[PDB]
Amino acid sequence: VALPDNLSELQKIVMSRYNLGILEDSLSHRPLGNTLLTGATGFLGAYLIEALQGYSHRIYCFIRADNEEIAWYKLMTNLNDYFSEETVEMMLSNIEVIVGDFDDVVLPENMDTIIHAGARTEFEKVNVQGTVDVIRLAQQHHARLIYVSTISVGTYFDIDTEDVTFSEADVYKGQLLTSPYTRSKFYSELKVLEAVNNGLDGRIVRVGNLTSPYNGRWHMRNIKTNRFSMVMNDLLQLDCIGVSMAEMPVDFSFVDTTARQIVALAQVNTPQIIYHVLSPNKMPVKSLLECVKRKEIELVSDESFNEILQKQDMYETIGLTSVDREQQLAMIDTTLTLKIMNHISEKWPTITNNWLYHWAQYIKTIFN
């Protein structure tokens with residue numbers, strides 16, 4: 001990986017803001033105003049657009065598309081997959097779509113807030129460049145920038161490393177950044193931090209493994225290409241699990257709860273630069289698999305299990321098996337972001353056996 005000469009200035013600024021905790025007039029409200037949103041044609045984006053309803057003055061949706069008509073079509077088709085016609089029609093009265101092409105572009109008003117979710121799809125240069133285009137924009141408009149990142153920028157260490165925690169006070173600890181997606185998210189974090197260090201009002205919100213809403217429709221567009229869903233399908237067909245695979249932690253970080261939390265967070269004046277918005281209730285794969293089969297899962301060797309996975313041509317679950325055997329799993333810390341959230345009267349909802357059952361039936365059905 002590649003780090004700036006000034007990495008320590010950024011680490012220091014993050015760490016010190018982290019220690020500030022909650023000030024007086026720190027939970028004071030900041031109107032979202034005109035809100036530029038990226039990634040609105042995606043999964044988290046839909047729920048962000050709902051979560052903003054009646055908080056944003058308007059929602060300017062930057063959408064790359066050959067023209068305005070197809071851009072509307074992308075946004076509306078997205079919104080219609082998750083929400084009711086009544087609801088969506090209602091959202092339209094607050095939506096402007098802004099058409100982009102693969103961003104030296106102009107916007108109808110001065111933006112008060114930019115929320116940068118979803119990436120373009122080396123993918124790293126174009127994506128980082130997207131983050132930078134957004135930073136220039138937020139600098140020109142003097143806008144609070146919320147950048148949406150992933151906890152996976154700090155989830156995998158080497159097995160040799162000892163210090164493997166990862167909190168809202170961390171940026172780089174030695175972590176492995178194997179995936180190009182995560183590397184892009186990381187470099188984006190470094191760009192936004194450098195921007196902040198120069199005076200931008202910028203927050204970074206790291207998010208978890210995004211799943212169906214706690215309360216909404218099961219459907220998730222392109223769930224077929226969602227590595228967690230793929231692996232869960234594979235494991236759900238199977239009649240057992242491997243030793244190193246049953247121990248693996250799984251978090252259901254509801255898209256709706258995520259979106260609700262991010263939007264709450266974008267309206268307070270907490271001095272922290274980095275936040276962790278993910279479910280604080282992880283549970284291991286076997287515990288889940290058992291809570292859903294309603295039958296005790298049998299534990300085969302990692303060897304015999306990799307045999308059975310390779311026989312059924314399950315490249316998908318074998319890839320993650322190989323990502324777990326040769327890397328170490330970080331201990332993620334969310335204590336600060338949790339405290340701030342309970343100060344906003346926002347809490348993570350409690351997950352039920354019914355919900356997990358119908359969840360597994362959903363995935364089994366959307367695959368076969």
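Undergrad: So what's going on with the environment of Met314? Which residues, and what values?
TA: On the secondary structure map, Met314 appears in the loop between α11 (302–311) and α12 (315–325). Between the alpha carbons of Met314 and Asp234 there is a distance of 7.0 Å; along the sequence they are 80 residues apart. Residues within four places of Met314 in sequence aside, it is in contact with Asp234, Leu238 and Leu309.

Undergrad: Give me the lowdown on the pairing of strand β5 (residues 144–150), citing residues and values where you can.
TA: Sheet topology note: the strand β4 (residues 113–116)/β5 ladder contains 4 bridges and is parallel. Within β5, the position partnered with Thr113 by the bridge is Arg144. Across 6 bridges, the pairing between β5 and strand β8 (residues 202–207) is parallel. In the sheet register, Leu145 faces β8, and the bridge partner there is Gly202.

Undergrad: For the sheet that holds strand β3 (residues 95–100), give the residues involved together with the corresponding values.
TA: As summarised here, the arrangement of the 7 strands in space is β3-β2-β1-β4-β5-β8-β13, forming an open sheet in which the pairing is parallel. Unpaired on one side and paired on the other, β3 and β13 (274–277) mark the two borders of the sheet. Between one strand axis and the next, the sheet turns through 20 degrees on average, direction left out of account. Note that strand β2 (residues 56–64) and β3 share 6 bridges and pair parallel.

Undergrad: Outline the pairing of β2, listing residues and values.
TA: Examined bridge by bridge, strand β1 (residues 33–38) and β2 share 6 bridges and lie parallel to one another. Each residue of the ladder has a partner; that of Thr38, found in β2, is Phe62. Handedness of the β1-helix α2 (residues 43–52)-β2 crossover: right-handed.

Undergrad: Could you give an account of the packing of aromatic side chains, with specific residues and numbers?
TA: Here the distance between the centres and the angle between the planes together describe a pair of aromatic rings. Between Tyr47 and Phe83, the aromatic rings sit 5.1 Å apart at their centres with planes inclined by 65 degrees, giving edge-to-face as the arrangement. Residue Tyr47 is found in helix α2, and its partner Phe83 is found in the loop between α3 (68–82) and α4 (85–92); the two are separated by 36 residues along the sequence. Centroid distance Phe228 to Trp359: 6.3 Å. Interplanar angle 45 degrees. Geometry classified as tilted. Linking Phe228 in helix α7 (residues 227–237) with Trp359 in helix α14 (residues 353–367), this pair joins segments that are 131 residues apart in sequence. Clustering of aromatic rings is evident, with ring pairs tying together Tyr214, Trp218, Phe228, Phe252, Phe254, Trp348, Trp355, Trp359 and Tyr362.

Undergrad: Summarise the environment of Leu238; cite the residues concerned and give the values.
TA: Take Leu238: it is sitting in the loop between α7 and β10 (240–242). Note: C-alpha distance between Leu238 and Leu309 (71 residues apart in sequence) is 8.8 Å. Sequence-distant contacts of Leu238, that is, excluding residues within four places in its chain, are made with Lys293 and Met314.

Analysis parameters
Residues numbered from 1 in each chain as written, not as in the entry; some residues may be left out. Heavy atoms only, no water. Residues with missing side-chain atoms left out of burial classes, pairs and counts. Helix = DSSP H or I, 4+ residues; strand = E, 2+ residues; numbered from the N terminus. Contact = heavy atoms within 4.5 Å. Pairing = 2+ DSSP bridges. Axes fitted to C-alpha atoms, helices over the stretch in contact; angles between N-to-C directions. Right-handed = clockwise from strand over helix to strand, strands pointing away. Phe/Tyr/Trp six-rings, centres within 6.5 Å; stacked < 30°, edge-to-face > 60°.

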